[PDB]
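Shown here: final33.json, JSON, C-alpha atoms.
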[["chain", "number", "residue", "atom", "x", "y", "z"],
["A", 1, "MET", "CA", 139.50, -55.86, 186.97],
["A", 2, "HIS", "CA", 139.77, -56.97, 183.36],
["A", 3, "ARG", "CA", 138.34, -54.21, 181.19],
["A", 4, "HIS", "CA", 136.91, -55.05, 177.79],
["A", 5, "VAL", "CA", 136.87, -52.42, 175.07],
["A", 6, "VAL", "CA", 134.08, -52.47, 172.52],
["A", 7, "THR", "CA", 134.23, -49.94, 169.70],
["A", 8, "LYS", "CA", 131.69, -49.65, 166.92],
["A", 9, "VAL", "CA", 130.83, -47.24, 164.13],
["A", 10, "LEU", "CA", 127.45, -46.55, 162.57],
["A", 11, "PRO", "CA", 126.57, -44.00, 159.88],
["A", 12, "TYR", "CA", 123.69, -42.63, 161.93],
["A", 13, "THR", "CA", 122.74, -39.41, 163.66],
["A", 14, "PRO", "CA", 123.74, -38.65, 167.27],
["A", 15, "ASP", "CA", 120.03, -38.73, 168.04],
["A", 16, "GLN", "CA", 119.90, -42.51, 168.16],
["A", 17, "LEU", "CA", 122.65, -42.20, 170.74],
["A", 18, "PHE", "CA", 120.41, -40.10, 172.94],
["A", 19, "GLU", "CA", 118.42, -43.27, 173.53],
["A", 20, "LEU", "CA", 121.60, -45.27, 174.03],
["A", 21, "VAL", "CA", 122.86, -42.77, 176.58],
["A", 22, "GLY", "CA", 119.72, -43.41, 178.59],
["A", 23, "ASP", "CA", 119.65, -47.06, 177.59],
["A", 24, "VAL", "CA", 119.85, -47.51, 181.34],
["A", 25, "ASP", "CA", 116.21, -46.47, 181.33],
["A", 26, "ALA", "CA", 115.48, -46.00, 177.65],
["A", 27, "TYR", "CA", 115.28, -49.06, 175.43],
["A", 28, "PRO", "CA", 112.95, -48.11, 172.57],
["A", 29, "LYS", "CA", 112.43, -51.82, 172.07],
["A", 30, "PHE", "CA", 114.36, -54.16, 174.34],
["A", 31, "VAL", "CA", 117.69, -55.79, 175.11],
["A", 32, "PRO", "CA", 118.33, -59.54, 175.32],
["A", 33, "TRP", "CA", 121.95, -59.04, 176.29],
["A", 34, "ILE", "CA", 120.37, -57.64, 179.43],
["A", 35, "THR", "CA", 117.38, -58.48, 181.60],
["A", 36, "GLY", "CA", 116.25, -56.30, 184.48],
["A", 37, "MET", "CA", 116.97, -52.59, 184.70],
["A", 38, "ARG", "CA", 116.24, -49.68, 187.00],
["A", 39, "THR", "CA", 117.59, -46.17, 187.42],
["A", 40, "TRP", "CA", 116.57, -43.78, 190.17],
["A", 41, "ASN", "CA", 117.50, -42.51, 193.61],
["A", 42, "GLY", "CA", 120.21, -39.88, 193.26],
["A", 43, "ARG", "CA", 120.52, -36.24, 192.28],
["A", 44, "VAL", "CA", 120.15, -34.04, 189.22],
["A", 45, "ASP", "CA", 122.38, -31.06, 188.56],
["A", 46, "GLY", "CA", 122.47, -28.92, 185.44],
["A", 47, "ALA", "CA", 122.78, -31.09, 182.35],
["A", 48, "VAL", "CA", 123.99, -33.95, 184.51],
["A", 49, "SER", "CA", 122.23, -36.70, 186.44],
["A", 50, "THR", "CA", 123.47, -39.31, 188.88],
["A", 51, "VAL", "CA", 121.42, -42.12, 190.36],
["A", 52, "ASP", "CA", 121.62, -45.79, 191.28],
["A", 53, "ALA", "CA", 121.52, -48.29, 188.44],
["A", 54, "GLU", "CA", 120.25, -51.77, 189.18],
["A", 55, "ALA", "CA", 120.87, -54.03, 186.21],
["A", 56, "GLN", "CA", 120.60, -57.80, 185.98],
["A", 57, "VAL", "CA", 121.88, -60.57, 183.74],
["A", 58, "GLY", "CA", 119.70, -63.19, 182.09],
["A", 59, "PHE", "CA", 121.52, -65.52, 179.73],
["A", 60, "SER", "CA", 124.80, -64.69, 181.42],
["A", 61, "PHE", "CA", 125.16, -68.14, 182.93],
["A", 62, "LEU", "CA", 124.95, -66.43, 186.30],
["A", 63, "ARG", "CA", 121.55, -65.17, 187.40],
["A", 64, "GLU", "CA", 122.60, -62.26, 189.57],
["A", 65, "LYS", "CA", 121.93, -58.56, 190.04],
["A", 66, "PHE", "CA", 124.18, -55.55, 190.51],
["A", 67, "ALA", "CA", 123.84, -51.90, 191.46],
["A", 68, "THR", "CA", 126.03, -48.99, 190.42],
["A", 69, "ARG", "CA", 126.01, -45.21, 190.31],
["A", 70, "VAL", "CA", 124.93, -44.25, 186.82],
["A", 71, "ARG", "CA", 125.98, -40.78, 185.72],
["A", 72, "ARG", "CA", 124.43, -39.29, 182.60],
["A", 73, "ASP", "CA", 125.34, -35.99, 180.99],
["A", 74, "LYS", "CA", 123.51, -34.19, 178.21],
["A", 75, "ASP", "CA", 126.14, -31.47, 178.06],
["A", 76, "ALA", "CA", 129.03, -33.91, 177.96],
["A", 77, "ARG", "CA", 127.16, -36.50, 175.93],
["A", 78, "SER", "CA", 128.92, -39.19, 177.92],
["A", 79, "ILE", "CA", 127.88, -41.95, 180.29],
["A", 80, "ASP", "CA", 129.71, -43.23, 183.35],
["A", 81, "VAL", "CA", 128.84, -45.90, 185.89],
["A", 82, "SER", "CA", 130.76, -46.47, 189.10],
["A", 83, "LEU", "CA", 130.61, -49.39, 191.52],
["A", 84, "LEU", "CA", 128.32, -48.96, 194.50],
["A", 85, "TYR", "CA", 127.52, -52.39, 195.87],
["A", 86, "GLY", "CA", 127.63, -54.80, 192.95],
["A", 87, "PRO", "CA", 129.16, -58.14, 193.95],
["A", 88, "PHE", "CA", 130.90, -56.22, 196.71],
["A", 89, "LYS", "CA", 134.30, -56.21, 195.04],
["A", 90, "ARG", "CA", 134.33, -53.98, 191.98],
["A", 91, "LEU", "CA", 132.36, -53.16, 188.85],
["A", 92, "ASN", "CA", 132.95, -50.25, 186.50],
["A", 93, "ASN", "CA", 131.04, -49.38, 183.35],
["A", 94, "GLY", "CA", 131.11, -46.44, 180.96],
["A", 95, "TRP", "CA", 129.69, -45.56, 177.57],
["A", 96, "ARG", "CA", 131.04, -42.91, 175.22],
["A", 97, "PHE", "CA", 130.33, -41.78, 171.67],
["A", 98, "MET", "CA", 131.82, -39.22, 169.32],
["A", 99, "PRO", "CA", 131.53, -38.10, 165.69],
["A", 100, "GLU", "CA", 133.96, -39.42, 163.12],
["A", 101, "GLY", "CA", 133.43, -38.48, 159.49],
["A", 102, "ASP", "CA", 130.05, -39.31, 158.02],
["A", 103, "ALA", "CA", 129.49, -41.94, 160.69],
["A", 104, "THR", "CA", 129.80, -41.87, 164.46],
["A", 105, "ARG", "CA", 132.03, -43.99, 166.66],
["A", 106, "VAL", "CA", 130.89, -45.36, 170.00],
["A", 107, "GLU", "CA", 133.00, -47.09, 172.62],
["A", 108, "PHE", "CA", 131.81, -49.22, 175.51],
["A", 109, "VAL", "CA", 134.07, -50.05, 178.43],
["A", 110, "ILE", "CA", 133.08, -53.05, 180.51],
["A", 111, "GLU", "CA", 134.67, -53.61, 183.90],
["A", 112, "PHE", "CA", 133.64, -56.20, 186.45],
["A", 113, "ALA", "CA", 135.10, -58.50, 189.08],
["A", 114, "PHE", "CA", 134.24, -62.18, 189.20],
["A", 115, "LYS", "CA", 134.81, -64.92, 191.76],
["A", 116, "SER", "CA", 135.70, -67.89, 189.60],
["A", 117, "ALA", "CA", 138.89, -67.33, 187.63],
["A", 118, "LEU", "CA", 137.59, -69.80, 185.07],
["A", 119, "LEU", "CA", 134.24, -68.06, 184.73],
["A", 120, "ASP", "CA", 136.20, -64.82, 184.76],
["A", 121, "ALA", "CA", 137.73, -65.60, 181.39],
["A", 122, "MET", "CA", 134.67, -67.55, 180.32],
["A", 123, "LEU", "CA", 132.42, -64.57, 180.92],
["A", 124, "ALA", "CA", 134.92, -61.93, 179.87],
["A", 125, "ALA", "CA", 135.27, -64.15, 176.83],
["A", 126, "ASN", "CA", 131.61, -64.25, 175.84],
["A", 127, "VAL", "CA", 131.63, -60.58, 176.76],
["A", 128, "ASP", "CA", 132.59, -59.96, 173.15],
["A", 129, "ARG", "CA", 129.62, -61.93, 171.86],
["A", 130, "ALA", "CA", 127.31, -60.09, 174.23],
["A", 131, "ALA", "CA", 128.69, -56.82, 172.91],
["A", 132, "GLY", "CA", 128.22, -58.24, 169.44],
["A", 133, "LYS", "CA", 124.51, -58.72, 170.01],
["A", 134, "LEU", "CA", 124.08, -55.38, 171.75],
["A", 135, "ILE", "CA", 125.88, -53.72, 168.87],
["A", 136, "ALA", "CA", 123.96, -55.56, 166.18],
["A", 137, "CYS", "CA", 120.90, -54.70, 168.24],
["A", 138, "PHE", "CA", 121.63, -50.99, 167.99],
["A", 139, "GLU", "CA", 122.49, -51.33, 164.32],
["A", 140, "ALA", "CA", 119.30, -53.25, 163.63],
["A", 141, "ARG", "CA", 117.25, -50.73, 165.57],
["A", 142, "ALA", "CA", 119.02, -47.98, 163.66],
["A", 143, "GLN", "CA", 117.98, -49.55, 160.37],
["A", 144, "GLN", "CA", 114.54, -50.30, 161.76],
["A", 145, "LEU", "CA", 114.15, -46.64, 162.65],
["A", 146, "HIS", "CA", 115.65, -45.14, 159.52],
["A", 147, "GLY", "CA", 114.14, -47.96, 157.49],
["A", 148, "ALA", "CA", 115.90, -46.42, 154.52]]

Mind turning the file's structure into structure tokens?
Amino acid sequence: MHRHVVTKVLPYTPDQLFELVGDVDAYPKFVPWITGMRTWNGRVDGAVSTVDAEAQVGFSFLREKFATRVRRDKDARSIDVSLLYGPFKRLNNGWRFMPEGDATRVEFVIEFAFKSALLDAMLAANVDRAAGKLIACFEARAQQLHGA
């Protein structure tokens, strides 16, 4: 389906990312862009872990839930989420982050399949805003942590 790319850069340590990598079950504070979350049931191998990820959507205009195979890696420092059951059509999600100068660059790929073509663009449209809040959220938290 339509994949939205969200790239951001923050002059912070890769430590803060550690929490973002596990944001699927981390959240040192909270996340309005999201609602319900749950990660478990799977397997753990080496510096890699794969389990089901049941996330929900609050102010998404569509109160629904979705499950996907969340794959975390501490050796790869990357996150990947495949579709398992979701809406029973398709739903991909992945999070990546790498160093770039004095600051680090993080990219978030959002992939989902909707029913309504109108809501498809409508949602995929506000998707940017949602990513804007999530981003600002991380940035705020970053400043709240570093607090200068």

TODO: State, in Å with one decimal place, the distance from atom CA of residue 137 of chain A to atom CA of residue 74 of chain A.
DONE: 23.0 Å

Open item on the list: When you look at segment 79-82 of chain A with a cut-off of 12 Å (counting all atoms listed in the file), what residues show up, excluding the ones that are within fewer than 2 positions of it in the same chain? I need them as a PyMOL selection string.
Closed with: chain A and resi 17-24+39+48-55+66-77+84-86+89-98+106-112

Expected file: the selected residues, C-alpha atoms, as a PDB file, keeping the file's coordinate frame:
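After the write, again.pdb holds the following:
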ATOM      1  CA  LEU A  17     122.650 -42.200 170.740  1.00  0.00           C
ATOM      2  CA  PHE A  18     120.410 -40.100 172.940  1.00  0.00           C
ATOM      3  CA  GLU A  19     118.420 -43.270 173.530  1.00  0.00           C
ATOM      4  CA  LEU A  20     121.600 -45.270 174.030  1.00  0.00           C
ATOM      5  CA  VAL A  21     122.860 -42.770 176.580  1.00  0.00           C
ATOM      6  CA  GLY A  22     119.720 -43.410 178.590  1.00  0.00           C
ATOM      7  CA  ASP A  23     119.650 -47.060 177.590  1.00  0.00           C
ATOM      8  CA  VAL A  24     119.850 -47.510 181.340  1.00  0.00           C
ATOM      9  CA  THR A  39     117.590 -46.170 187.420  1.00  0.00           C
ATOM     10  CA  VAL A  48     123.990 -33.950 184.510  1.00  0.00           C
ATOM     11  CA  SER A  49     122.230 -36.700 186.440  1.00  0.00           C
ATOM     12  CA  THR A  50     123.470 -39.310 188.880  1.00  0.00           C
ATOM     13  CA  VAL A  51     121.420 -42.120 190.360  1.00  0.00           C
ATOM     14  CA  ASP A  52     121.620 -45.790 191.280  1.00  0.00           C
ATOM     15  CA  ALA A  53     121.520 -48.290 188.440  1.00  0.00           C
ATOM     16  CA  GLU A  54     120.250 -51.770 189.180  1.00  0.00           C
ATOM     17  CA  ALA A  55     120.870 -54.030 186.210  1.00  0.00           C
ATOM     18  CA  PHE A  66     124.180 -55.550 190.510  1.00  0.00           C
ATOM     19  CA  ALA A  67     123.840 -51.900 191.460  1.00  0.00           C
ATOM     20  CA  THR A  68     126.030 -48.990 190.420  1.00  0.00           C
ATOM     21  CA  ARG A  69     126.010 -45.210 190.310  1.00  0.00           C
ATOM     22  CA  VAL A  70     124.930 -44.250 186.820  1.00  0.00           C
ATOM     23  CA  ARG A  71     125.980 -40.780 185.720  1.00  0.00           C
ATOM     24  CA  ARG A  72     124.430 -39.290 182.600  1.00  0.00           C
ATOM     25  CA  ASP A  73     125.340 -35.990 180.990  1.00  0.00           C
ATOM     26  CA  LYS A  74     123.510 -34.190 178.210  1.00  0.00           C
ATOM     27  CA  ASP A  75     126.140 -31.470 178.060  1.00  0.00           C
ATOM     28  CA  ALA A  76     129.030 -33.910 177.960  1.00  0.00           C
ATOM     29  CA  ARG A  77     127.160 -36.500 175.930  1.00  0.00           C
ATOM     30  CA  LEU A  84     128.320 -48.960 194.500  1.00  0.00           C
ATOM     31  CA  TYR A  85     127.520 -52.390 195.870  1.00  0.00           C
ATOM     32  CA  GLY A  86     127.630 -54.800 192.950  1.00  0.00           C
ATOM     33  CA  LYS A  89     134.300 -56.210 195.040  1.00  0.00           C
ATOM     34  CA  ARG A  90     134.330 -53.980 191.980  1.00  0.00           C
ATOM     35  CA  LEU A  91     132.360 -53.160 188.850  1.00  0.00           C
ATOM     36  CA  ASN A  92     132.950 -50.250 186.500  1.00  0.00           C
ATOM     37  CA  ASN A  93     131.040 -49.380 183.350  1.00  0.00           C
ATOM     38  CA  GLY A  94     131.110 -46.440 180.960  1.00  0.00           C
ATOM     39  CA  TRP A  95     129.690 -45.560 177.570  1.00  0.00           C
ATOM     40  CA  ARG A  96     131.040 -42.910 175.220  1.00  0.00           C
ATOM     41  CA  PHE A  97     130.330 -41.780 171.670  1.00  0.00           C
ATOM     42  CA  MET A  98     131.820 -39.220 169.320  1.00  0.00           C
ATOM     43  CA  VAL A 106     130.890 -45.360 170.000  1.00  0.00           C
ATOM     44  CA  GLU A 107     133.000 -47.090 172.620  1.00  0.00           C
ATOM     45  CA  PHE A 108     131.810 -49.220 175.510  1.00  0.00           C
ATOM     46  CA  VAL A 109     134.070 -50.050 178.430  1.00  0.00           C
ATOM     47  CA  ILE A 110     133.080 -53.050 180.510  1.00  0.00           C
ATOM     48  CA  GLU A 111     134.670 -53.610 183.900  1.00  0.00           C
ATOM     49  CA  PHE A 112     133.640 -56.200 186.450  1.00  0.00           C
TER      50      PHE A 112
END

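Among the candidate residues A:142, A:136, A:47, A:10, the one lying nearest to residue 28 of chain A is A:142, with distances computed using all atoms listed in the file.
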
TODO: Please indicate the distance in Å from atom CA of residue 4 of chain A to atom CA of residue 114 of chain A, rounded to one decimal place.
DONE: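 These atoms are spaced 13.7 Å apart.
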
Test item: which residues lie within 10 Å of (125.9, -43.4, 161.6) counting only C-alpha atoms, as a compact mmCIF listing (two decimals) with C-alpha atoms, in the coordinates of the input:
# COMPACT_ATOMS: atom_id res chain seq x y z
CA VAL A 9 130.83 -47.24 164.13
CA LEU A 10 127.45 -46.55 162.57
CA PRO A 11 126.57 -44.00 159.88
CA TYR A 12 123.69 -42.63 161.93
CA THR A 13 122.74 -39.41 163.66
CA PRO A 14 123.74 -38.65 167.27
CA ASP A 15 120.03 -38.73 168.04
CA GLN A 16 119.90 -42.51 168.16
CA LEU A 17 122.65 -42.20 170.74
CA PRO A 99 131.53 -38.10 165.69
CA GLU A 100 133.96 -39.42 163.12
CA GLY A 101 133.43 -38.48 159.49
CA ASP A 102 130.05 -39.31 158.02
CA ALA A 103 129.49 -41.94 160.69
CA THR A 104 129.80 -41.87 164.46
CA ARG A 105 132.03 -43.99 166.66
CA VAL A 106 130.89 -45.36 170.00
CA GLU A 139 122.49 -51.33 164.32
CA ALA A 142 119.02 -47.98 163.66

Task: Interatomic distance, atom CA of residue 56 of chain A to atom CA of residue 29 of chain A (Å, one decimal) - done: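 According to the coordinates, atom CA of residue 56 of chain A and atom CA of residue 29 of chain A are separated by 17.2 Å.
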
Return as JSON the box centre and box size in Å, one decimal, for an axis-aligned box around all listed atoms of segment 76-92 of chain A padded by 5 Å per side.
{"center_x": 130.7, "center_y": -46.0, "center_z": 186.3, "size_x": 17.2, "size_y": 34.2, "size_z": 30.8}

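Summary of the local environment: counting all atoms listed in the file, residues at most 12 Å from residue 129 of chain A, other than itself and those fewer than 5 positions away along its chain, are residues 4, 6, 33, 59, 60, 122, 123, 124, 134, 135, 136 and 137 of chain A.
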
- [ ] Using all atoms listed in the file, pick whichever of A:7, A:62, A:1, A:35 has the shortest atom-to-atom distance to residue 128 of chain A.
- [x]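 Nearest candidate to residue 128 of chain A out of A:7, A:62, A:1, A:35: A:7.
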
Open item on the list: Nearest residue to residue 27 of chain A out of A:65, A:141, A:146, A:8, using all atoms listed in the file?
Closed with: A:141

Task: Closest of A:44, A:32, A:88, A:58 to residue 115 of chain A - atom-to-atom distances counting only C-alpha atoms - done: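 Smallest separation from residue 115 of chain A among the options: A:88.
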
Extract segment 65-96 of chain A from the coordinates I pasted, and write it as an mmCIF file, in the first residue's frame (atoms kept: N, CA, C and O atoms).
data_model
loop_
_atom_site.group_PDB
_atom_site.id
_atom_site.type_symbol
_atom_site.label_atom_id
_atom_site.label_comp_id
_atom_site.auth_asym_id
_atom_site.auth_seq_id
_atom_site.Cartn_x
_atom_site.Cartn_y
_atom_site.Cartn_z
ATOM 1 N N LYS A 65 -7.968 -1.840 16.084
ATOM 2 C CA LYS A 65 -6.719 -2.411 16.561
ATOM 3 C C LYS A 65 -6.059 -3.201 15.430
ATOM 4 O O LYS A 65 -6.712 -3.550 14.448
ATOM 5 N N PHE A 66 -4.772 -3.461 15.606
ATOM 6 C CA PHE A 66 -4.015 -4.204 14.612
ATOM 7 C C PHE A 66 -2.837 -4.937 15.256
ATOM 8 O O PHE A 66 -2.246 -4.447 16.217
ATOM 9 N N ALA A 67 -2.530 -6.099 14.700
ATOM 10 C CA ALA A 67 -1.432 -6.905 15.208
ATOM 11 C C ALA A 67 -0.417 -7.140 14.088
ATOM 12 O O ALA A 67 -0.793 -7.305 12.928
ATOM 13 N N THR A 68 0.851 -7.145 14.473
ATOM 14 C CA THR A 68 1.923 -7.357 13.515
ATOM 15 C C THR A 68 3.156 -7.933 14.215
ATOM 16 O O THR A 68 3.326 -7.762 15.421
ATOM 17 N N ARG A 69 3.985 -8.602 13.427
ATOM 18 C CA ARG A 69 5.198 -9.204 13.955
ATOM 19 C C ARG A 69 6.297 -8.149 14.093
ATOM 20 O O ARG A 69 6.874 -7.713 13.098
ATOM 21 N N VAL A 70 6.554 -7.768 15.336
ATOM 22 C CA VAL A 70 7.574 -6.771 15.617
ATOM 23 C C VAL A 70 8.926 -7.467 15.788
ATOM 24 O O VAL A 70 9.048 -8.416 16.561
ATOM 25 N N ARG A 71 9.910 -6.967 15.053
ATOM 26 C CA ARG A 71 11.249 -7.528 15.113
ATOM 27 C C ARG A 71 12.255 -6.456 15.536
ATOM 28 O O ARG A 71 12.480 -5.489 14.809
ATOM 29 N N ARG A 72 12.834 -6.663 16.710
ATOM 30 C CA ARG A 72 13.811 -5.726 17.238
ATOM 31 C C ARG A 72 15.207 -6.353 17.228
ATOM 32 O O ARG A 72 15.353 -7.554 17.450
ATOM 33 N N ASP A 73 16.197 -5.512 16.969
ATOM 34 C CA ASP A 73 17.576 -5.968 16.928
ATOM 35 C C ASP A 73 18.465 -4.955 17.651
ATOM 36 O O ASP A 73 18.395 -3.757 17.382
ATOM 37 N N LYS A 74 19.282 -5.474 18.555
ATOM 38 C CA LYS A 74 20.185 -4.631 19.320
ATOM 39 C C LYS A 74 21.567 -4.644 18.664
ATOM 40 O O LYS A 74 22.420 -3.819 18.989
ATOM 41 N N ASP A 75 21.746 -5.589 17.754
ATOM 42 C CA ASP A 75 23.010 -5.720 17.048
ATOM 43 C C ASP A 75 22.919 -4.988 15.708
ATOM 44 O O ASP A 75 23.935 -4.557 15.163
ATOM 45 N N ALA A 76 21.696 -4.868 15.217
ATOM 46 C CA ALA A 76 21.460 -4.194 13.951
ATOM 47 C C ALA A 76 20.995 -2.762 14.219
ATOM 48 O O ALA A 76 21.147 -1.887 13.368
ATOM 49 N N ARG A 77 20.437 -2.568 15.404
ATOM 50 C CA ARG A 77 19.947 -1.256 15.795
ATOM 51 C C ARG A 77 18.844 -0.795 14.842
ATOM 52 O O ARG A 77 18.742 0.391 14.532
ATOM 53 N N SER A 78 18.046 -1.757 14.402
ATOM 54 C CA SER A 78 16.954 -1.464 13.489
ATOM 55 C C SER A 78 15.669 -2.137 13.977
ATOM 56 O O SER A 78 15.720 -3.090 14.753
ATOM 57 N N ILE A 79 14.548 -1.616 13.500
ATOM 58 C CA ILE A 79 13.253 -2.156 13.878
ATOM 59 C C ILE A 79 12.442 -2.454 12.615
ATOM 60 O O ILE A 79 12.452 -1.671 11.667
ATOM 61 N N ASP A 80 11.759 -3.589 12.644
ATOM 62 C CA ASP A 80 10.944 -4.001 11.513
ATOM 63 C C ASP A 80 9.656 -4.646 12.028
ATOM 64 O O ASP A 80 9.677 -5.393 13.005
ATOM 65 N N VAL A 81 8.562 -4.334 11.346
ATOM 66 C CA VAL A 81 7.267 -4.873 11.722
ATOM 67 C C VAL A 81 6.530 -5.340 10.465
ATOM 68 O O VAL A 81 6.276 -4.548 9.559
ATOM 69 N N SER A 82 6.207 -6.625 10.449
ATOM 70 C CA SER A 82 5.505 -7.208 9.319
ATOM 71 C C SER A 82 4.029 -7.412 9.668
ATOM 72 O O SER A 82 3.658 -7.405 10.842
ATOM 73 N N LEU A 83 3.227 -7.590 8.629
ATOM 74 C CA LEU A 83 1.800 -7.795 8.812
ATOM 75 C C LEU A 83 1.549 -9.245 9.230
ATOM 76 O O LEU A 83 2.158 -10.166 8.688
ATOM 77 N N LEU A 84 0.649 -9.403 10.190
ATOM 78 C CA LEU A 84 0.309 -10.724 10.687
ATOM 79 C C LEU A 84 -1.185 -10.977 10.474
ATOM 80 O O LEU A 84 -1.568 -11.949 9.825
ATOM 81 N N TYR A 85 -1.988 -10.083 11.033
ATOM 82 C CA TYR A 85 -3.432 -10.196 10.912
ATOM 83 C C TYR A 85 -4.061 -8.845 10.566
ATOM 84 O O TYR A 85 -4.997 -8.777 9.771
ATOM 85 N N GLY A 86 -3.521 -7.802 11.179
ATOM 86 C CA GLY A 86 -4.016 -6.457 10.946
ATOM 87 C C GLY A 86 -5.470 -6.484 10.467
ATOM 88 O O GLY A 86 -6.274 -7.275 10.957
ATOM 89 N N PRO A 87 -5.768 -5.587 9.489
ATOM 90 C CA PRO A 87 -7.110 -5.501 8.938
ATOM 91 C C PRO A 87 -7.394 -6.673 7.997
ATOM 92 O O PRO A 87 -8.460 -6.742 7.388
ATOM 93 N N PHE A 88 -6.419 -7.567 7.908
ATOM 94 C CA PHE A 88 -6.550 -8.734 7.051
ATOM 95 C C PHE A 88 -6.412 -8.349 5.577
ATOM 96 O O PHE A 88 -7.199 -8.791 4.740
ATOM 97 N N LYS A 89 -5.406 -7.531 5.303
ATOM 98 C CA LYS A 89 -5.155 -7.082 3.945
ATOM 99 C C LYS A 89 -3.659 -6.815 3.769
ATOM 100 O O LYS A 89 -3.023 -7.383 2.883
ATOM 101 N N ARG A 90 -3.141 -5.948 4.628
ATOM 102 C CA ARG A 90 -1.731 -5.597 4.579
ATOM 103 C C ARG A 90 -1.435 -4.458 5.556
ATOM 104 O O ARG A 90 -2.283 -3.599 5.791
ATOM 105 N N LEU A 91 -0.227 -4.489 6.100
ATOM 106 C CA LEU A 91 0.193 -3.470 7.047
ATOM 107 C C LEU A 91 1.665 -3.687 7.404
ATOM 108 O O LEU A 91 1.998 -4.614 8.141
ATOM 109 N N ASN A 92 2.506 -2.816 6.865
ATOM 110 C CA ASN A 92 3.935 -2.902 7.118
ATOM 111 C C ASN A 92 4.386 -1.662 7.893
ATOM 112 O O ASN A 92 3.828 -0.580 7.719
ATOM 113 N N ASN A 93 5.392 -1.862 8.732
ATOM 114 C CA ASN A 93 5.925 -0.774 9.534
ATOM 115 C C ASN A 93 7.373 -1.087 9.913
ATOM 116 O O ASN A 93 7.690 -2.214 10.293
ATOM 117 N N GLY A 94 8.215 -0.070 9.797
ATOM 118 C CA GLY A 94 9.622 -0.222 10.122
ATOM 119 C C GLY A 94 10.216 1.095 10.622
ATOM 120 O O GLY A 94 9.804 2.170 10.187
ATOM 121 N N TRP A 95 11.174 0.970 11.529
ATOM 122 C CA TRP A 95 11.828 2.139 12.093
ATOM 123 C C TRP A 95 13.340 1.924 12.002
ATOM 124 O O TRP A 95 13.842 0.858 12.353
ATOM 125 N N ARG A 96 14.024 2.956 11.527
ATOM 126 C CA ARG A 96 15.469 2.893 11.385
ATOM 127 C C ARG A 96 16.102 4.219 11.815
ATOM 128 O O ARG A 96 15.466 5.268 11.738
#
